[PDB]
Amino acid sequence: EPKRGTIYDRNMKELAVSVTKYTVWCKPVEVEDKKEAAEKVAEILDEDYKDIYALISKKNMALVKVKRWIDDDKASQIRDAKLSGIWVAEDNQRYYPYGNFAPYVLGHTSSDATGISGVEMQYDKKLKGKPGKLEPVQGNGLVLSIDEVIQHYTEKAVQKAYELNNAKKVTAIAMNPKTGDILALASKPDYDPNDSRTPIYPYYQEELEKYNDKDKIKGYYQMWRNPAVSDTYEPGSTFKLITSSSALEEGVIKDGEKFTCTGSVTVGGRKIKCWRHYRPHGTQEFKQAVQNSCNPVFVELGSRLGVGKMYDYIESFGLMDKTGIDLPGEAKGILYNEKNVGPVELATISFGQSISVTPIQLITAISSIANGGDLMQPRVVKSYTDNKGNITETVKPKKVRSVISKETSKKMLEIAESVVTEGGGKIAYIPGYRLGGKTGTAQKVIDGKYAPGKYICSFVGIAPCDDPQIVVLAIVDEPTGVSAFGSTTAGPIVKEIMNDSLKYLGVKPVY
Amino acid sequence: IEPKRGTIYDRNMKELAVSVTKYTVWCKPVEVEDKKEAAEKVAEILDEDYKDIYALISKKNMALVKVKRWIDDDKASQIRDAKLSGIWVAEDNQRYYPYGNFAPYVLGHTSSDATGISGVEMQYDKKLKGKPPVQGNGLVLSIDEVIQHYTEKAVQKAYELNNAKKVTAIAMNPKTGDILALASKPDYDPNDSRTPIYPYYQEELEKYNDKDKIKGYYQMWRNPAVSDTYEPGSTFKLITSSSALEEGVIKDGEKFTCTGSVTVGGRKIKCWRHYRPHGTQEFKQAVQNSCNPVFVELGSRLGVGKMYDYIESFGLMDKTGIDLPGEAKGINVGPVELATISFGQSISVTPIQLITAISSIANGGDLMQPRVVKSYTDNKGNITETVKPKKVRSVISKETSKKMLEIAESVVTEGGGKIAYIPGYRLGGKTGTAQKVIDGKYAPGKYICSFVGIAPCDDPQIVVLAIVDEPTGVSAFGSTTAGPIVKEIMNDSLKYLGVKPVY
Ligand SMILES: *C(=O)[C@@H](NC(=O)[C@H](N)c1ccccc1)[C@@H]1N[C@@H](C(=O)O)C(C)(C)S1
Ligand SMILES: *C(=O)[C@@H](NC(=O)[C@H](N)c1ccccc1)[C@@H]1N[C@@H](C(=O)O)C(C)(C)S1
Ligand SMILES: [Zn+2]
Ligand SMILES: [Zn+2]
């Protein structure tokens, strides 16, 4: 079996490496004195007698693995023990040196070192070594766009929010909007790629004993599923950045136009309420309606666009199609067919309800607003290496299309900054770093229906808005026992990741 | 009449800088006998505000007033044909750069009185100036406009891709010391030398009060390739290696062992790749893997004495004497400084010093004076004199030169330079990554990445130094940032130079 190629972060830190280890094997029948062998092996390996005894006493199993991937020192003690029916064999370990880290990027391999999830699978052929015969050649390596420092800050912020919000799931993606490079992708609960079948979060512990042995592979695939690329969700008010960009690009907002909030608008015989319908926003300039997250104003902009223009921009921002991200099992969101869209559906779409997207779709779309209107193909793999760590080839950023003009982009970045300085994203304000973004709080869809007390809260951030270098999307899925708002659950995630990442990146503060 | 300057040509006699005859409208106010009637006519012809023209011709206290500068020949004979007593037109030559925003750090530009204030325009101001009208003598640059276009294109692409503070590339003919190309982004347009054409310069000029704007101008105009110093990083291992081999301190088939670190006194210098040490290495392989411990050992075997002699001999302590203005001269810790110096840290050079040093390795060991001016012409475009290639000294033997060219090729075929590999073209070179020295202190997340290429290594015809200064949002390594710049320039330039592929 040949070693797989090494997977590096963008600073050439090893994230996944094939290392030559030794495994302790046993044929029970060939073991003369089982208590004696168990005690010798147990002492060498530093394991409890009763556990090693239970392994080498096994019935009807002709060949038993006693312990995988022991170091050379302990493997030499086993050999030199000269025990019967007990031996050591060379065994390639697929080792992930940062452990419970970036599992939904890296993925993992089966027993035979075949990639079965994440980058390990997507680039299985590129990573595979060339076999030897009774010497093997290590496979070519990969350099990710992922930065282990930003990934750490992302994992840390997401793990904190998961505990604090007692959430079903917390997910964050950090993107370079200029290139579409993923800097970080974290979701909790997650798994350790060093031990892909051992749940390390109670949630997955409880989910794996709702399956019999025959069907446990289904529970494993559930735990290995990348929520950033495979799950869909109604994005809430973050989609108001899409509606705003579309409205400004189409010229449907007059300069100095005042929009009046009375707390509701009637469409299709239904009242669509402002969140603050008890205390109407009254007269608003457009900037102030985004700051206020005033639903009726977005209903009006949706109507001025109509179903056709609205669906053109949704398609153009990439929200009806896979992003083409180089990870396995991407979904493509859920949207009502354009020609069956009624007035109430159109009105809700205008503020991000009755449309489902992946997190990757939504961050990719928002990144085009932060990149002069250019939609980029997201990617995780930036470069290929030989088996000695030498770069052989690097991948160019791919511009898919211009969604909006440079002028609309600049106006939107000025509006996004004002949401964080003057509006509903104030919680995420960092002095000197010109953070912009938008919050969402959306009732959760389960089996095509809106369930009660179950929300998805999100915040998308862009920094710095004068020259965007990082976009962060954080999603808190079903926060429990807390103020369930985008600002209070997800805003602190984006603020922490932005604060730590911009200082790591050396972004100069401007006060 | 300030006479026409000499024309500046590329080496294929394409015009890069030429004086063109325009016309200026003059007034002697005490002879405009019918002022606002005379100023109504001139206002239309020149299309002026009817007031701005009157205001100028009705000046009580001036013997001569310039009405409008650099007007076209139609309007010149229109003004002559109106035969007003106090108003005429005179010739007035304008400097034009037909390629516009192209090799601005080589060409430079002039002030309104046709005096050169940067680049070749200033360095050769005397040679270019006309007789007071006889047009001045012209220059033929070593610059090739085709290779310059390949260099500008590669450097602009890298500037955008890497969101860098700056990208700089020099192409040199190692046999002659001739500069084939010198480009840097951001740069400026010598046709309009005070209007920033890059956001970066738009920002840096707005930081000065209008009164103090000159420090801003001279910052936009500064040629980073001759005036800016930097820490070369591992490209310096080509100097250290050449020096080691020339002194003979490397034994034939000697093996060097990497275990992630060395001990050069109590202080232990570690390798850059101590996570997976390189193990046992032929010298070739130490250079391919850029193994720091090996170059420390080589440094120790030379001593401070011989190291500093070789550095000086390669010209790295002295100006090159390139014929451009404002060249930087450039910038204690015992065996520890000696150790770090061995791979290009705590040592600062200009890009022109470094490419000149590497060029001597690629030219059988002959250090050459670099030059941008190959020939002089008359005022009619005939060549009168060619500047001879000037050897400064032999730094190493043809033997050491051949060994170093074999190693340089192996860096690109087998080692850290693989990104730049072109089938048939025998490229060699070395990557560098350094932390940026600012006012003497290393920063955080601030790297200068570089790649020096030599091709073909069996008969070198071109050396290219590419430097990406502060790449942003991307992996900061010589190979990924600077390697594609050299590859692109080498690919386009070797075909144009008519280098035959050998498979
Ligand atoms: C966008 O997400 C909007 N959300 C809604 O209108 C929901 N139907 C809602 C959920 C919870 C409470 C009230 C309404 C606006 N943006 C939200 C946010 O920015 O957090 C909001 C709650 C301010 S309303
Ligand atoms: C030569 O430039 C060396 N560079 C360094 O030792 C820097 N201190 C460094 C920068 C980034 C990461 C680790 C160390 C060696 N040559 C470089 C190159 O060829 O680009 C290198 C990164 C392989 S280390
Ligand atoms: Zn409202
Ligand atoms: Zn080493």
# chains A, B, ... in the order shown; residues from 1 in each chain; ligands from 1

$ closest_atom_pairs --of "chain A" --to "ligand 3" --cutoff "6 Å" --atoms "only C-alpha atoms and all ligand atoms" --output "tab-separated table"
residue	atom	partner	partner_atom_place_in_ligand_line	distance
A:261	CA	ligand 3	1 (Zn)	4.6
A:263	CA	ligand 3	1 (Zn)	5.3
A:274	CA	ligand 3	1 (Zn)	4.6
A:276	CA	ligand 3	1 (Zn)	5.9
A:280	CA	ligand 3	1 (Zn)	5.3
A:281	CA	ligand 3	1 (Zn)	4.5
A:294	CA	ligand 3	1 (Zn)	3.7

$ write_last_selection --atoms "C-alpha atoms" --output "PDB file, in the first residue's frame"
ATOM      1  CA  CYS A 261     -43.097  51.894   7.281  1.00  0.00           C
ATOM      2  CA  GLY A 263     -45.630  48.314  10.336  1.00  0.00           C
ATOM      3  CA  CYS A 274     -42.336  44.668   9.873  1.00  0.00           C
ATOM      4  CA  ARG A 276     -41.179  46.407  14.628  1.00  0.00           C
ATOM      5  CA  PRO A 280     -43.423  51.528  12.858  1.00  0.00           C
ATOM      6  CA  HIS A 281     -40.140  52.873  11.302  1.00  0.00           C
ATOM      7  CA  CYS A 294     -37.797  46.938   7.469  1.00  0.00           C
TER       8      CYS A 294
END

$ residues_near_ligand --ligand "ligand 1" --cutoff "7 Å" --atoms "only C-alpha atoms and all ligand atoms" --output "PyMOL selection string"
chain A and resi 236-238+274-275+293-295+351-352+424+438-443+485-487

$ residues_around --residues "residue 117 in chain A" --least-positions-apart "5" --cutoff "7 Å" --atoms "only C-alpha atoms" --output "JSON, numbers by chain"
{"A": [107, 108, 328]}

$ select_by_dssp --residues "range 342-376 of chain A" --states "strand (DSSP E or B)" --output "PDB file with N, CA, C and O atoms, in the first residue's frame"
ATOM      1  N   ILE A 355     -37.303  30.648  -0.019  1.00  0.00           N
ATOM      2  CA  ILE A 355     -36.127  30.270  -0.858  1.00  0.00           C
ATOM      3  C   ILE A 355     -35.102  29.656   0.099  1.00  0.00           C
ATOM      4  O   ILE A 355     -34.883  30.235   1.156  1.00  0.00           O
ATOM      5  N   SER A 356     -34.530  28.526  -0.282  1.00  0.00           N
ATOM      6  CA  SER A 356     -33.515  27.763   0.468  1.00  0.00           C
ATOM      7  C   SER A 356     -32.190  27.826  -0.282  1.00  0.00           C
ATOM      8  O   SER A 356     -32.211  27.711  -1.512  1.00  0.00           O
ATOM      9  N   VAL A 357     -31.083  27.969   0.444  1.00  0.00           N
ATOM     10  CA  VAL A 357     -29.721  27.997  -0.152  1.00  0.00           C
ATOM     11  C   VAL A 357     -28.805  27.195   0.761  1.00  0.00           C
ATOM     12  O   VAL A 357     -29.134  27.029   1.954  1.00  0.00           O
ATOM     13  N   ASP A 374     -18.174  40.844  -9.118  1.00  0.00           N
ATOM     14  CA  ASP A 374     -17.709  39.616  -9.807  1.00  0.00           C
ATOM     15  C   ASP A 374     -17.949  38.373  -8.939  1.00  0.00           C
ATOM     16  O   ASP A 374     -17.306  38.217  -7.927  1.00  0.00           O
ATOM     17  N   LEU A 375     -18.774  37.458  -9.401  1.00  0.00           N
ATOM     18  CA  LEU A 375     -18.990  36.140  -8.797  1.00  0.00           C
ATOM     19  C   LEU A 375     -17.799  35.236  -9.123  1.00  0.00           C
ATOM     20  O   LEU A 375     -17.480  35.073 -10.311  1.00  0.00           O
ATOM     21  N   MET A 376     -17.232  34.601  -8.104  1.00  0.00           N
ATOM     22  CA  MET A 376     -16.044  33.729  -8.233  1.00  0.00           C
ATOM     23  C   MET A 376     -16.443  32.301  -7.882  1.00  0.00           C
ATOM     24  O   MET A 376     -17.339  32.108  -7.052  1.00  0.00           O
TER      25      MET A 376
END

$ residues_around --residues "residue 158 in chain B" --least-positions-apart "4" --cutoff "8 Å" --atoms "only C-alpha atoms" --output "JSON, numbers by chain"
{"B": [154, 162, 167, 468, 481, 482, 485]}

$ residues_near_ligand --ligand "ligand 2" --cutoff "10 Å" --atoms "only C-alpha atoms and all ligand atoms" --output "PyMOL selection string"
(chain A and resi 11-13+389-390) or (chain B and resi 231-237+270-273+287-292+340+342-345+411+415-417+430-435+447-451+475-483)

$ residues_near_ligand --ligand "ligand 4" --cutoff "12 Å" --atoms "only C-alpha atoms and all ligand atoms" --output "number ranges by chain"
A: 388; B: 256-262, 269-281, 283, 285-296

$ closest_residue --among "A:451, A:137, A:174, A:228" --to "chain B" --atoms "only C-alpha atoms"
A:174

$ closest_residue --among "A:182, A:482, A:134, A:62" --to "chain B" --atoms "only C-alpha atoms"
A:182

$ closest_residue --among "B:493, B:110, B:163, B:93" --to "chain A" --atoms "only C-alpha atoms"
B:163

$ residues_around --residues "residue 316 in chain A" --least-positions-apart "4" --cutoff "8 Å" --atoms "only C-alpha atoms" --output "number ranges by chain"
A: 312, 401, 403

$ interface_residues --of "chain A" --to "chain B" --cutoff "8 Å" --atoms "only C-alpha atoms" --output "PDB file with N, CA and C atoms, in the first residue's frame"
ATOM      1  N   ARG A  10      -2.211  26.660   3.640  1.00  0.00           N
ATOM      2  CA  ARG A  10      -1.642  27.611   2.666  1.00  0.00           C
ATOM      3  C   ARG A  10      -0.247  28.061   3.111  1.00  0.00           C
ATOM      4  N   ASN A  11       0.139  27.823   4.358  1.00  0.00           N
ATOM      5  CA  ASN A  11       1.512  28.088   4.863  1.00  0.00           C
ATOM      6  C   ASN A  11       2.330  26.797   4.901  1.00  0.00           C
ATOM      7  N   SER A 145      -6.357  26.344   0.264  1.00  0.00           N
ATOM      8  CA  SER A 145      -6.539  27.790   0.523  1.00  0.00           C
ATOM      9  C   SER A 145      -6.752  28.012   2.027  1.00  0.00           C
ATOM     10  N   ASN A 176     -12.030  34.477   1.002  1.00  0.00           N
ATOM     11  CA  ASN A 176     -11.388  35.574   0.251  1.00  0.00           C
ATOM     12  C   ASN A 176     -12.296  35.949  -0.914  1.00  0.00           C
ATOM     13  N   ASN A 390       7.339  20.177  -2.988  1.00  0.00           N
ATOM     14  CA  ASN A 390       7.567  21.190  -4.046  1.00  0.00           C
ATOM     15  C   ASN A 390       6.239  21.452  -4.764  1.00  0.00           C
ATOM     16  N   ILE A 391       5.828  22.722  -4.883  1.00  0.00           N
ATOM     17  CA  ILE A 391       4.642  23.139  -5.679  1.00  0.00           C
ATOM     18  C   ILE A 391       4.929  22.841  -7.142  1.00  0.00           C
ATOM     19  N   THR A 392       3.977  22.234  -7.846  1.00  0.00           N
ATOM     20  CA  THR A 392       4.138  21.885  -9.275  1.00  0.00           C
ATOM     21  C   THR A 392       3.225  22.764 -10.116  1.00  0.00           C
ATOM     22  N   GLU A 393       2.083  23.142  -9.573  1.00  0.00           N
ATOM     23  CA  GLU A 393       0.998  23.815 -10.319  1.00  0.00           C
ATOM     24  C   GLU A 393       0.154  24.586  -9.310  1.00  0.00           C
ATOM     25  N   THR A 394      -0.303  25.786  -9.658  1.00  0.00           N
ATOM     26  CA  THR A 394      -1.235  26.535  -8.801  1.00  0.00           C
ATOM     27  C   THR A 394      -2.446  26.905  -9.669  1.00  0.00           C
ATOM     28  N   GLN A 469     -11.356  41.928   2.164  1.00  0.00           N
ATOM     29  CA  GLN A 469     -10.282  40.910   2.169  1.00  0.00           C
ATOM     30  C   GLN A 469     -10.838  39.625   2.749  1.00  0.00           C
ATOM     31  N   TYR A 504      -4.448  38.857  12.371  1.00  0.00           N
ATOM     32  CA  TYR A 504      -3.525  37.856  11.795  1.00  0.00           C
ATOM     33  C   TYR A 504      -3.096  38.288  10.390  1.00  0.00           C
ATOM     34  N   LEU A 505      -4.024  38.814   9.592  1.00  0.00           N
ATOM     35  CA  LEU A 505      -3.801  39.179   8.167  1.00  0.00           C
ATOM     36  C   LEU A 505      -3.005  40.479   8.060  1.00  0.00           C
ATOM     37  N   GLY A 506      -2.834  41.193   9.172  1.00  0.00           N
ATOM     38  CA  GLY A 506      -2.155  42.499   9.201  1.00  0.00           C
ATOM     39  C   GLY A 506      -2.961  43.576   8.508  1.00  0.00           C
TER      40      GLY A 506
END

$ residues_around --residues "residue 457 in chain B" --least-positions-apart "2" --cutoff "7 Å" --atoms "only C-alpha atoms" --output "short mmCIF file (atom, residue, chain, number, x, y, z; two decimals) with N, CA, C and O atoms, in the first residue's frame"
data_model
loop_
_atom_site.label_atom_id
_atom_site.label_comp_id
_atom_site.auth_asym_id
_atom_site.auth_seq_id
_atom_site.Cartn_x
_atom_site.Cartn_y
_atom_site.Cartn_z
N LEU B 405 25.29 26.22 -12.68
CA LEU B 405 24.22 26.21 -13.71
C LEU B 405 23.54 24.84 -13.77
O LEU B 405 22.31 24.79 -14.02
N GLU B 409 19.56 24.40 -12.65
CA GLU B 409 18.61 23.68 -13.52
C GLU B 409 17.92 22.60 -12.71
O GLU B 409 16.72 22.36 -12.97
N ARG B 426 15.28 24.28 -20.44
CA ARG B 426 16.40 24.21 -19.48
C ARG B 426 16.46 25.42 -18.54
O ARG B 426 17.52 26.01 -18.40
N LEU B 427 15.34 25.73 -17.91
CA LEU B 427 15.33 26.82 -16.92
C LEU B 427 15.98 26.33 -15.63
O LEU B 427 15.86 25.18 -15.31
N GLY B 428 16.72 27.21 -14.98
CA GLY B 428 17.23 27.02 -13.62
C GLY B 428 16.93 28.25 -12.81
O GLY B 428 16.51 29.26 -13.38
N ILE B 454 17.20 31.57 -14.80
CA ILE B 454 18.32 31.58 -15.79
C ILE B 454 17.94 30.57 -16.87
O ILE B 454 17.51 29.45 -16.47
N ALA B 455 18.00 30.95 -18.16
CA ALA B 455 17.68 30.05 -19.29
C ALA B 455 18.41 30.47 -20.56
O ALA B 455 18.74 31.64 -20.73
N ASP B 459 23.46 27.34 -22.05
CA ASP B 459 24.04 28.55 -22.70
C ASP B 459 23.18 29.78 -22.35
O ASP B 459 22.34 30.20 -23.12
N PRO B 460 23.33 30.36 -21.15
CA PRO B 460 22.36 31.33 -20.65
C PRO B 460 22.27 32.60 -21.50
O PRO B 460 23.29 33.22 -21.73
#

$ residues_around --residues "residue 162 in chain A" --least-positions-apart "2" --cutoff "12 Å" --atoms "only C-alpha atoms" --output "PyMOL selection string"
chain A and resi 155-160+164-172+186-190+201+203+474-480+482+489-490+493

$ write_last_selection --atoms "N, CA and C atoms" --output "short mmCIF file (atom, residue, chain, number, x, y, z; two decimals), in the first residue's frame"
data_model
loop_
_atom_site.label_atom_id
_atom_site.label_comp_id
_atom_site.auth_asym_id
_atom_site.auth_seq_id
_atom_site.Cartn_x
_atom_site.Cartn_y
_atom_site.Cartn_z
N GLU A 155 -13.03 27.57 14.25
CA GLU A 155 -13.46 26.40 15.08
C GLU A 155 -13.78 26.89 16.50
N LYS A 156 -12.91 27.73 17.05
CA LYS A 156 -13.01 28.25 18.44
C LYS A 156 -14.29 29.07 18.60
N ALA A 157 -14.58 29.94 17.65
CA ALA A 157 -15.77 30.81 17.73
C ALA A 157 -17.03 29.95 17.58
N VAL A 158 -16.98 28.96 16.69
CA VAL A 158 -18.16 28.10 16.39
C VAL A 158 -18.41 27.19 17.61
N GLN A 159 -17.37 26.57 18.18
CA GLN A 159 -17.49 25.70 19.39
C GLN A 159 -18.08 26.51 20.55
N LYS A 160 -17.63 27.75 20.75
CA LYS A 160 -18.16 28.63 21.81
C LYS A 160 -19.66 28.84 21.60
N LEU A 164 -22.80 27.84 24.03
CA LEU A 164 -23.59 28.97 24.57
C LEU A 164 -25.06 28.88 24.14
N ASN A 165 -25.33 28.58 22.87
CA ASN A 165 -26.69 28.70 22.30
C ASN A 165 -27.39 27.35 22.43
N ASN A 166 -26.71 26.34 22.97
CA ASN A 166 -27.24 24.95 23.03
C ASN A 166 -27.94 24.67 21.69
N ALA A 167 -27.21 24.86 20.58
CA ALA A 167 -27.75 24.82 19.20
C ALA A 167 -27.76 23.39 18.69
N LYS A 168 -28.59 23.11 17.70
CA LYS A 168 -28.48 21.83 16.97
C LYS A 168 -27.14 21.80 16.21
N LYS A 169 -26.73 22.95 15.67
CA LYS A 169 -25.58 23.00 14.74
C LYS A 169 -25.10 24.45 14.67
N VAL A 170 -23.79 24.65 14.61
CA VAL A 170 -23.22 25.99 14.35
C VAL A 170 -22.19 25.81 13.25
N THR A 171 -22.27 26.64 12.23
CA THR A 171 -21.48 26.57 10.98
C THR A 171 -20.93 27.96 10.68
N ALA A 172 -19.66 28.05 10.30
CA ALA A 172 -19.07 29.30 9.77
C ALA A 172 -18.16 29.00 8.58
N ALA A 186 -15.91 25.53 9.27
CA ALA A 186 -16.09 24.78 10.54
C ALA A 186 -17.58 24.57 10.75
N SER A 187 -17.92 23.44 11.35
CA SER A 187 -19.29 23.15 11.84
C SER A 187 -19.18 22.23 13.06
N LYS A 188 -19.97 22.56 14.08
CA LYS A 188 -20.13 21.75 15.30
C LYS A 188 -21.61 21.39 15.39
N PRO A 189 -21.95 20.16 15.81
CA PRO A 189 -20.94 19.16 16.17
C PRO A 189 -20.21 18.61 14.94
N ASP A 190 -18.99 18.09 15.10
CA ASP A 190 -18.21 17.50 13.99
C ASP A 190 -17.60 16.18 14.47
N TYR A 201 -19.03 13.85 20.02
CA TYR A 201 -20.11 14.76 20.49
C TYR A 201 -21.34 13.93 20.85
N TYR A 203 -24.40 14.46 20.69
CA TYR A 203 -25.44 14.53 19.63
C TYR A 203 -25.27 13.33 18.71
N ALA A 474 -21.78 33.13 9.48
CA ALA A 474 -22.00 32.25 10.65
C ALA A 474 -23.50 31.98 10.75
N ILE A 475 -23.83 30.71 10.96
CA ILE A 475 -25.22 30.20 11.02
C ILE A 475 -25.40 29.46 12.34
N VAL A 476 -26.33 29.91 13.18
CA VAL A 476 -26.71 29.19 14.42
C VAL A 476 -28.07 28.54 14.18
N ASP A 477 -28.05 27.23 14.08
CA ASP A 477 -29.22 26.40 13.69
C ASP A 477 -29.94 25.94 14.96
N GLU A 478 -31.16 26.41 15.20
CA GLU A 478 -31.99 26.03 16.39
C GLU A 478 -31.24 26.36 17.67
N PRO A 479 -31.00 27.64 17.97
CA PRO A 479 -30.52 27.99 19.29
C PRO A 479 -31.69 27.76 20.27
N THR A 480 -31.40 27.27 21.47
CA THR A 480 -32.38 26.91 22.54
C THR A 480 -32.05 27.69 23.83
N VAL A 482 -32.27 30.88 24.62
CA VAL A 482 -31.49 32.13 24.41
C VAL A 482 -32.32 33.13 23.60
N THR A 489 -26.88 35.84 18.50
CA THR A 489 -26.33 34.47 18.42
C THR A 489 -25.15 34.47 17.44
N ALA A 490 -25.31 35.01 16.23
CA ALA A 490 -24.32 34.82 15.14
C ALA A 490 -23.39 36.02 15.07
N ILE A 493 -20.07 35.59 16.68
CA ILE A 493 -19.22 34.60 15.98
C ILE A 493 -18.43 35.38 14.93
#

$ atom_distance --atom1 "CA of residue 422 in chain A" --atom2 "CA of residue 288 in chain A"
8.5 Å

$ select_by_dssp --residues "range 30-119 of chain A" --states "alpha helix (DSSP H)" --output "JSON, numbers by chain"
{"A": [34, 35, 36, 37, 38, 39, 40, 41, 42, 43, 44, 45, 49, 50, 51, 52, 53, 54, 55, 56, 72, 73, 74, 75, 76, 77, 78, 79, 80, 81, 103, 104, 105, 106, 118, 119]}

$ write_last_selection --atoms "N, CA and C atoms" --output "compact mmCIF listing (two decimals), in the first residue's frame"
# COMPACT_ATOMS: atom_id res chain seq x y z
N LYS A 34 -2.19 -17.41 27.21
CA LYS A 34 -2.95 -16.18 26.87
C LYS A 34 -2.84 -15.15 28.01
N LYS A 35 -2.88 -15.59 29.26
CA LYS A 35 -2.74 -14.65 30.39
C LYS A 35 -1.33 -14.05 30.35
N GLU A 36 -0.34 -14.87 30.02
CA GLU A 36 1.09 -14.48 29.99
C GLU A 36 1.33 -13.49 28.86
N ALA A 37 0.87 -13.79 27.64
CA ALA A 37 1.02 -12.92 26.45
C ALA A 37 0.31 -11.58 26.73
N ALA A 38 -0.97 -11.62 27.11
CA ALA A 38 -1.78 -10.41 27.40
C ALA A 38 -1.00 -9.51 28.36
N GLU A 39 -0.36 -10.08 29.37
CA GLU A 39 0.32 -9.27 30.41
C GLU A 39 1.57 -8.59 29.84
N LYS A 40 2.34 -9.32 29.03
CA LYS A 40 3.57 -8.83 28.35
C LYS A 40 3.21 -7.72 27.34
N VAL A 41 2.27 -7.99 26.43
CA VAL A 41 1.77 -7.02 25.41
C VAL A 41 1.20 -5.79 26.15
N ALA A 42 0.32 -6.00 27.12
CA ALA A 42 -0.35 -4.92 27.87
C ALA A 42 0.71 -4.00 28.48
N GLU A 43 1.78 -4.55 29.05
CA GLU A 43 2.80 -3.72 29.72
C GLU A 43 3.57 -2.92 28.67
N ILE A 44 3.97 -3.57 27.58
CA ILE A 44 4.70 -2.93 26.45
C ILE A 44 3.85 -1.78 25.90
N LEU A 45 2.58 -2.05 25.57
CA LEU A 45 1.68 -1.10 24.86
C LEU A 45 1.14 -0.03 25.82
N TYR A 49 -4.52 -4.90 31.23
CA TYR A 49 -4.48 -6.38 31.07
C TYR A 49 -5.82 -6.88 30.51
N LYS A 50 -6.93 -6.54 31.16
CA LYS A 50 -8.25 -7.16 30.87
C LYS A 50 -8.68 -6.80 29.44
N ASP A 51 -8.28 -5.63 28.93
CA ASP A 51 -8.62 -5.20 27.54
C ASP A 51 -7.79 -6.00 26.53
N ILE A 52 -6.48 -6.13 26.75
CA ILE A 52 -5.56 -6.92 25.87
C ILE A 52 -5.95 -8.40 25.96
N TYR A 53 -6.33 -8.89 27.14
CA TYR A 53 -6.76 -10.29 27.34
C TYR A 53 -8.04 -10.56 26.55
N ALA A 54 -8.98 -9.61 26.57
CA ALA A 54 -10.28 -9.71 25.86
C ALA A 54 -10.04 -9.81 24.35
N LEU A 55 -9.00 -9.14 23.85
CA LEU A 55 -8.68 -9.13 22.40
C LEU A 55 -8.07 -10.49 22.02
N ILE A 56 -7.09 -10.99 22.77
CA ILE A 56 -6.31 -12.19 22.31
C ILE A 56 -7.06 -13.48 22.71
N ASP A 72 7.83 2.85 16.78
CA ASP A 72 8.85 1.85 16.37
C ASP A 72 9.45 1.20 17.63
N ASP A 73 9.60 1.98 18.71
CA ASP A 73 10.17 1.57 20.01
C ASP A 73 9.33 0.43 20.60
N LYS A 74 8.00 0.62 20.66
CA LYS A 74 7.06 -0.36 21.27
C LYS A 74 6.92 -1.57 20.34
N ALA A 75 7.03 -1.38 19.02
CA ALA A 75 6.95 -2.47 18.03
C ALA A 75 8.18 -3.38 18.15
N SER A 76 9.33 -2.82 18.52
CA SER A 76 10.61 -3.55 18.72
C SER A 76 10.52 -4.40 19.99
N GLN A 77 9.91 -3.86 21.05
CA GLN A 77 9.64 -4.60 22.31
C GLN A 77 8.74 -5.81 22.00
N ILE A 78 7.71 -5.66 21.16
CA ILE A 78 6.78 -6.77 20.80
C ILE A 78 7.60 -7.86 20.11
N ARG A 79 8.29 -7.54 19.01
CA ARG A 79 9.14 -8.49 18.23
C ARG A 79 10.04 -9.25 19.21
N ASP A 80 10.78 -8.51 20.05
CA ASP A 80 11.86 -9.06 20.90
C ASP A 80 11.26 -9.82 22.09
N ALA A 81 9.96 -9.67 22.36
CA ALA A 81 9.20 -10.48 23.33
C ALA A 81 9.12 -11.95 22.89
N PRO A 103 -12.48 18.84 9.76
CA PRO A 103 -12.86 17.52 9.27
C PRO A 103 -13.73 17.59 8.01
N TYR A 104 -14.57 18.62 7.90
CA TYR A 104 -15.52 18.79 6.78
C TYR A 104 -14.83 19.40 5.55
N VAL A 105 -13.57 19.80 5.67
CA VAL A 105 -12.66 20.08 4.52
C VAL A 105 -11.83 18.82 4.22
N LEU A 106 -11.02 18.38 5.17
CA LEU A 106 -10.04 17.30 4.95
C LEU A 106 -10.76 16.00 4.59
N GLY A 118 -14.65 14.54 2.00
CA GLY A 118 -13.91 15.80 1.90
C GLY A 118 -12.87 15.76 0.80
N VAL A 119 -11.78 16.48 1.01
CA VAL A 119 -10.69 16.58 0.03
C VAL A 119 -10.10 15.19 -0.22

$ atom_distance --atom1 "CA of residue 320 in chain B" --atom2 "CA of residue 350 in chain B"
9.4 Å
